[PDB]
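K.L.:
Residue numbers (the authors' numbering), protein chains in the order written: chain P, 172 to 178; chain P', 172 to 178; chain A, -4 to 71, 78 to 137, 139 to 231; chain A', -4 to 71, 78 to 137, 139 to 231. A prime marks a further copy of an entry chain. Where a beta carbon is used, it is the ideal one built from N, C-alpha and C, also for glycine.
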Amino acid sequence: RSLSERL
Amino acid sequence: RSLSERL
Amino acid sequence: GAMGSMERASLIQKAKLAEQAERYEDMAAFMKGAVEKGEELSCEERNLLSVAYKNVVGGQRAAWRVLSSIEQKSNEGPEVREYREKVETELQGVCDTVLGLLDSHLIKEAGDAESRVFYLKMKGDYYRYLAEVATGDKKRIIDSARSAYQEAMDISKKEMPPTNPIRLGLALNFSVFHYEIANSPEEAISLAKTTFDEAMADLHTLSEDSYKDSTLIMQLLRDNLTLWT
Amino acid sequence: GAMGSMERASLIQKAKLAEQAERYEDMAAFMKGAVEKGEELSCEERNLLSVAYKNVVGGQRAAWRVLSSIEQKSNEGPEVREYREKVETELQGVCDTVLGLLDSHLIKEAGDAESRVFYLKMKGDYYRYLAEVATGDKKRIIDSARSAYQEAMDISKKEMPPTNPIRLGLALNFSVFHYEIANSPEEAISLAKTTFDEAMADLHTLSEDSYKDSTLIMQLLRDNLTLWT
Ligand SMILES: Cc1ccc(-c2cccc3cc(C(=N)N)sc23)nc1N
Ligand SMILES: Cc1ccc(-c2cccc3cc(C(=N)N)sc23)nc1N
Ligand SMILES: [Ca+2]
Ligand SMILES: [Ca+2]
Ligand SMILES: [Cl-]
Ligand SMILES: [Cl-]
């Protein structure tokens, strides 16, 4: 699964 | 901290 | 709501405490209460809001994926479907709550690029999460995510440098939207590459600390490009 | 309660699903509903109940420790105390719920050693968790934990072999009670050593799989003895 923005 | 029973 | 009697400053203080205690449901409720005071949010406060709800919906998404996988296997009693539906409904309620805060009235009062892009990106993100569980209506949800991301992109390209972390995280998530939701892997790859290359060319303008912030997000663009190609 | 309309078998099935999805609040609510059907619980069902509530209260204990640490530093506005109190009250409510299920009516219907020892140990455990946050009343809570553990120990020594995993986990947790709650580190060390040595001497009677189960718990006794001496 693609990586989205992290905190 | 002491280790207690695990699942 | 139940936070109507608590001071705004106390809600923010308790949101930060809840983060330290990894109590993200509490953190979200505190930040919802802070938003509902009606004042605009500072940069730090916007990020507290995002962190809280991202953690809540992230747990729900992970659970939904587990259950949906079990459900799909069983179709290769009603309990698996029922419980997947329960989690799904809770997830949709969280997304609706966030979208409601953005619509009443965070976005309309956001005039600076850093706030307006942040909120429009958030609107894209939570419609994307709704899209992940949507079945057929899925089309109008996808279009709503696309529209919010696109407006955010247009502002960010006009008003922010290519290394701005909000601009980078927006482009990252819009590329994920293209690849995972919109069945547009070529658009995803093109966006990730152009975003990465334009940020690379702007790094020379940055301090050491800003350089660290920007390159951390760029690495996620690169990791996706590795997975996608 | 809200689970009164769901079949017992469906509640158990959904508890297992919630475990797979790491939805432990749901898992606990499902198992509370199953208990409230009034039938005794099987060995597997008892462990589902324990896993669910251990995970719920474990998150609350971890949060409470973070907040209490922040609170104690601040005493080296009311928000830190207020929020620690909020988490504390929620934790106490979870413990009270579990203790209520044991008292109405799991323990009184439990006649076999494996069920009765399991439930009495659980009663000791949740009074111990109450003791961790109790201040002065703390004495009566500590005595209730001690009494439950002691009754469980007496049955386990009469009715179970020294390698029985329930007997081992009981002795482990009672030793933690002695060290962490009762200010009796020598009693804790003595209990851990005697428990470990008597289990060691019984390992030769076990199958490969039972040997693995028993030695895993024995390792925790040994790890505590290393920390305590
Ligand atoms: C003063 C200030 C401004 C911005 C931020 C910030 C920026 C991007 C992400 C993030 C996550 C945060 C959190 N998980 N609490 S703060 C934060 N932080 C500050 N202290
Ligand atoms: C048929 C059966 C009997 C007992 C157990 C069991 C025993 C000790 C701990 C534990 C945790 C469990 C869980 N986290 N679901 S089951 C379980 N399991 C079975 N399948
Ligand atoms: Ca191509
Ligand atoms: Ca001594
Ligand atoms: Cl359900
Ligand atoms: Cl509070």
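Using a Cβ-Cβ cutoff of 7 angstroms, what residues of the stretch 143 to 172 of chain A' are near chain P'? List them in chain order.
P.N.:
From the stretch 143 to 172 of chain A', only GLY171 have a Cβ closer than 7 angstroms to chain P'.
K.L.:
When you compare the stretch 107 to 119 of chain A' with the stretch 34 to 41 of chain A', are there three or more beta-carbon pairs, one atom per stretch, that lie closer than 8 angstroms?
P.N.:
yes
K.L.:
Measure from the C-beta of residue 271 of chain A to each C-beta in chain A' and report whether the shortest distance is under 8 angstroms.
P.N.:
Given a span of -4 to 231 for chain A in the structure shown, any question on residue 271 of chain A remains unanswerable.
K.L.:
Can you give me the Cβ contacts of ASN226 of chain A' inside the same chain, cut-off strictly under 7 angstroms, excluding the 5 residues immediately before and after it?
P.N.:
As a first step, residue 226 of chain A' is located in the fourth sequence; it is residue number 224 there, counting from the start. Once the five neighbours on either side are set aside, the close Cβ partners of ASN226 of chain A' are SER177, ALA194.
K.L.:
Is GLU17 of chain A' close to chain A? Criterion is C-beta to C-beta, closer than 8 angstroms.
P.N.:
To locate residue 17 of chain A', count along the fourth sequence from 1; it is residue 22. Judged by the 8 angstroms Cβ criterion, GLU17 of chain A' is in contact with chain A.
K.L.:
Can you tell me whether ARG172 of chain P' is helix, strand or coil according to DSSP?
P.N.:
Locating residue 172 of chain P' in the second sequence gives position 1, counting from the first residue. It is coil, neither helix nor strand.
K.L.:
Can you say whether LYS124 of chain A' is buried or exposed, counting buried as having 16 or more other CB atoms within 10 angstroms of its CB?
P.N.:
Numbered from 1 along the fourth sequence, position 123 holds the residue referred to as residue 124 of chain A'. Buried is the call here.
K.L.:
Using CA coordinates, which residue listed in A':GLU189, A':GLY53, A':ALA58 is at the minimum distance from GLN15 of chain A?
P.N.:
Counted from its first residue, the third sequence places residue 15 of chain A at position 20. Nearest C-alpha to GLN15 of chain A: A':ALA58.
K.L.:
If you draw a straight line from the C-alpha of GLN67 of chain A' to the C-alpha of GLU2 of chain A', how long is it?
P.N.:
Along the fourth sequence, read from residue 1 onward, the residue named residue 67 of chain A' stands at position 72. Along the fourth sequence, read from residue 1 onward, the residue named residue 2 of chain A' stands at position 7. Distance between the alpha carbons of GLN67 of chain A' and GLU2 of chain A' is about 47 angstroms.
K.L.:
For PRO164 of chain A, is the classification buried or exposed, using 16 other Cβ atoms within 10 angstroms of its Cβ as the cut-off for buried?
P.N.:
Reading the third sequence from its first residue, position 162 is the one you call residue 164 of chain A. By the 10 Å Cβ count, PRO164 of chain A comes out buried.
K.L.:
Is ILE65 of chain A closer than 8 angstroms to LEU12 of chain A' when the C-beta atoms are compared?
P.N.:
Position 17 of the fourth sequence, counted from the first residue, corresponds to residue 12 of chain A'. Position 70 of the third sequence, counted from the first residue, corresponds to residue 65 of chain A. Closer than 8 angstroms, so yes.
K.L.:
Does DSSP classify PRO79 of chain A' as helix, strand or coil?
P.N.:
Sequence index remark: in the fourth sequence, residue 79 of chain A' carries index 78 (1-based). Here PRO79 of chain A' sits in coil by DSSP.
K.L.:
Around ligand 6, which residues pass a check of Cβ closer than 6 angstroms to any of its heavy atoms?
P.N.:
In chain order, the qualifying residues are A:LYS9, A':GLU83, A':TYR84, A':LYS87.
K.L.:
Are the Cβ atoms of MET202 of chain A' and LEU170 of chain A' separated by less than 8 angstroms?
P.N.:
As a first step, residue 202 of chain A' must be located in the fourth sequence, where it is residue number 200. As a first step, residue 170 of chain A' must be located in the fourth sequence, where it is residue number 168. Taking 8 angstroms as the Cβ cut-off, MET202 of chain A' and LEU170 of chain A' do not qualify as a contacting pair.
K.L.:
Can you list, in chain order, the residues of its chain whose CB lies under 7 angstroms from that of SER186 of chain A', leaving out five sequence neighbours each side?
P.N.:
Taking the first residue of the fourth sequence as position 1, residue 186 of chain A' is located at position 184. Closer than 7 angstroms at Cβ, skipping near neighbours: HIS180.
K.L.:
State the DSSP-derived secondary structure class of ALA111 of chain A', mapped to helix, strand or coil.
P.N.:
Mapped onto the fourth sequence, residue 111 of chain A' falls at position 110. Three-state DSSP puts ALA111 of chain A' in coil, outside helix and strand.
K.L.:
Show which residues of chain A have a CB atom less than 8 angstroms away from the CB atom of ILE65 of chain A'.
P.N.:
By one-based count along the fourth sequence, residue 65 of chain A' stands at place 70. Within chain A, the residues near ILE65 of chain A' are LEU12, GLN15.
K.L.:
Report whether the distance from the Cβ of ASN42 of chain A to the nearest heavy atom of ligand 1 is below 7 angstroms.
P.N.:
Here residue 42 of chain A refers to the residue found at position 47 of the third sequence. Yes, ligand 1 has a heavy atom inside 7 angstroms of this Cβ.
K.L.:
Looking only at its own chain, which residues have a Cβ that is under 7 angstroms from the Cβ of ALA150 of chain A', when we skip the five neighbours before and after it?
P.N.:
The residue given as residue 150 of chain A' occupies position 148 in the fourth sequence. Hits under 7 angstroms: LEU121, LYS124, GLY125, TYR128.
K.L.:
Between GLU188 of chain A' and ligand 4, is there a pair consisting of the residue's CB and a ligand heavy atom that are separated by less than 7 angstroms?
P.N.:
Here residue 188 of chain A' refers to the residue found at position 186 of the fourth sequence. Answer for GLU188 of chain A': yes, Cβ within range of ligand 4.
K.L.:
Can you pull the chain P neighbours of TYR130 of chain A, defined as C-beta to C-beta under 9 angstroms?
P.N.:
Within the third sequence, the letter at position 129 stands for residue 130 of chain A. Under the 9 angstroms cutoff, chain P gives no residues; its nearest Cβ is about 10 angstroms from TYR130 of chain A.
K.L.:
Distance cutoff 8 angstroms, beta carbons only. Does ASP21 of chain A' sit that close to anything in chain P'?
P.N.:
Walking along the fourth sequence from the start, residue 21 of chain A' turns up at place 26. Output row for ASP21 of chain A': interface = no.
K.L.:
Keeping to the same chain, check which residues put their C-beta closer than 6 angstroms to that of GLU161 of chain A; ignore five residues upstream and five downstream.
P.N.:
Here the question's residue 161 of chain A lines up with position 159 in the third sequence. The residues are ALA114.
K.L.:
Using C-beta distances below 8 angstroms, list every residue in its chain close to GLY(-1) of chain A', excluding the 5 sequence neighbours before and after it, in chain order.
P.N.:
Residue mapping note: residue -1 of chain A' aligns to position 4 of the fourth sequence, counting from 1. Excluding residues within five positions, the ones whose Cβ falls inside 8 angstroms are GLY28, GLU31.
K.L.:
Does the beta-carbon distance from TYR48 of chain A' to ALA23 of chain A' come in below 8 angstroms?
P.N.:
As a working mapping, residue 48 of chain A' is identified with position 53 in the fourth sequence. As a working mapping, residue 23 of chain A' is identified with position 28 in the fourth sequence. Contact flag set, yes.
K.L.:
Less than 8 angstroms between CB atoms is the rule here; does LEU174 of chain A' satisfy it with respect to chain P'?
P.N.:
Residue mapping note: residue 174 of chain A' aligns to position 172 of the fourth sequence, counting from 1. Output row for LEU174 of chain A': interface = yes.
K.L.:
Which of the residues in the stretch 80 to 109 of chain A, read from start to end, lie with their CB under 9 angstroms from any CB of chain A'?
P.N.:
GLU80, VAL81, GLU83, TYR84, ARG85, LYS87, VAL88
K.L.:
For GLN93 of chain A, tell me which candidate among A:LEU131, A:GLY53, A:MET26, A:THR197 has the shortest Cα-Cα distance.
P.N.:
Position 92 of the third sequence, counted from the first residue, corresponds to residue 93 of chain A. Closest option to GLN93 of chain A, judged by alpha-carbon separation, among A:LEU131, A:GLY53, A:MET26, A:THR197: A:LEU131.
K.L.:
May I ask you to report which of helix, strand or coil DSSP gives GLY(-1) of chain A'?
P.N.:
The residue you call residue -1 of chain A' lines up with position 4 of the fourth sequence. Coil.
K.L.:
If you check the beta carbons only, do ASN50 of chain A' and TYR19 of chain A' fall under 8 angstroms apart?
P.N.:
Locating residue 50 of chain A' in the fourth sequence gives position 55, counting from the first residue. Locating residue 19 of chain A' in the fourth sequence gives position 24, counting from the first residue. In contact: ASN50 of chain A' and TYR19 of chain A' (Cβ atoms closer than 8 angstroms).
K.L.:
With a threshold of 7 angstroms, establish whether the CB of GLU115 of chain A' neighbours any heavy atom of ligand 1.
P.N.:
Counted from its first residue, the fourth sequence places residue 115 of chain A' at position 114. Checking the Cβ of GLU115 of chain A' against ligand 1 gives no.
K.L.:
Which of helix, strand or coil does DSSP assign to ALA135 of chain A?
P.N.:
Translated into positions along the third sequence, residue 135 of chain A becomes position 134. Here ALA135 of chain A sits in coil by DSSP.
K.L.:
With a threshold of 8 angstroms between beta-carbons, can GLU40 of chain A be considered close to chain P, or not?
P.N.:
The residue you call residue 40 of chain A lines up with position 45 of the third sequence. No, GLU40 of chain A lies away from the interface with chain P (no Cβ there is under 8 angstroms from its Cβ).
K.L.:
Distance cutoff 8 angstroms, beta carbons only. Does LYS49 of chain A sit that close to anything in chain P?
P.N.:
Locating residue 49 of chain A in the third sequence gives position 54, counting from the first residue. Output row for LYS49 of chain A: interface = yes.
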